Structures are given as structure tokens and as C-alpha cells.
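The chain that follows stands alone, in the form deposited in one PDB entry, written as C-alpha cells.
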């Protein structure tokens, strides 16, 4: 219990326990496996026509929702590759995924922010600008993600960190309706821990790194909630036909 609480008070910044490494291995695997087209510096993006997205620019909105079912599936793939997840009742596995889906999606899109072209890359293919994503039906949610991506520039995260982060967003035991609420906090904490340890081991040269990286979990949660509201404004504004099936089931909450 306090082998940590004490080891801390001393000043020791504990690396990950042999077992935690196994857990980190699992999560970094599952992430990279359910990821985009790879992930590197210098060319790949398919810059979205500049005349797209400039109410709701239905032209853009289409492009997005077009490649939205793939993204939503990779999130479910990731969650599938985490044993702890599988250990949960199908009911809960659905409440969890529907909750953290946009959160993990905003994260992935945010960590693909290119400061040069000032664009994110959705599904690792389509590049979009702030106003393109904004006018394509996300509104102020675009500024949220773009502002995040810019901020995450400095944390210079890696797959494992972005992989763990997603696991923390996933085991949010506060989702309404959860049945096995305890067994979920146990797993999230298990993660937050292997996560904190991994950050010590990596030792970034940023003061208060961890406290700052947890403040991101909150911002991601806020992008999530803000999206739910934007989904309403989208239902009413855009048609009822341009809404992929999966996309729809996942977001009626």
C-alpha cells in the first residue's frame, strides 16, 4: 500500500514493477495495433480540399462521418485487446466504450497535430484545419482538440503514454449505469500507477509532468462531454441519412 506512499515521501521516483511492465507491454501493443497508418515526421497526409468547410458545411461533415466508422472500430479493437476489459460484463463494456469513445478519438487526433501545416490527421489519413473540422459539425469542439494537440506538443508523448492514457480514459468507473463499478476503479488505478511509474522511468524534463498530464485527462473528458452536446446540434442541423449506424448507436449518449 504505502511501499509507494513511503518510497515517495523519501523522494524516490519508482520505475515500473516487473509485472507492470507486462501490463504496459499489453497496452502499448493493443494501441499501436489499433492505430493509424503508422506515425512519423514528414509527409503522408491527404490534405482535405481547401474549399471544403469554410451553420454546418455538409460537404465537410460528409467527409468526416465517411471515415468515422473505421475510427470508432479501432477504439473498440483497442478495448478488446485489454484483458481487464474482457473481464467485464457485456453491459458495462458497452457503457465504457460509449463513454470514452470520443475521448480516445480526440486524443488520437490531437497527438497527430502538425504545428507546421497546423493540421490534425484524422484516422491517420485525412488532414483537416481548425475551421474545417469546426464547420464540419464539431464547432468549438475543434478549437478544443486543436488547442490540446498544440499543448501536447511539449509533452512529447510516446505510444505507451498515449496507450496508457487511453486505458485511463476507458476505465472511467463514473459512467452512468455501470454495474461492476469497483472492479473498474481497481483497473484504472492499476493503470494510473503503471502509468506514473512509466513516466518516472522516462523522466521528461518538464516540471510537474504527471500533475499536468492528469489535467489532460480532464480536458479530454471535457471534449467528450462537449461532443455529446454537439451531437445534438448535429442531429437537428445535418440530415438523418448521413449518420453511419455505429456512429449513431454509440452517441445517443
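Positions refer to the first chain, counted from 1.
Missing here is the form deposited with a small molecule bound; even so, the following discussion is about that form.
Put simply, of 98, 81, 183, 130 only one has a heavy atom within 4.5 Å of the small molecule in the entry with it bound, and it is 98. Using a 4.5 Å cutoff between non-hydrogen atoms, residue 150 does not count as a contact of the small molecule in the entry with it bound. Under a 4.5 angstroms non-hydrogen atom cutoff, the small molecule in the entry with it bound lacks residue 117 among its neighbouring residues. The small molecule in the entry with it bound comes within 4.5 Å of a heavy atom belonging to residue 73.
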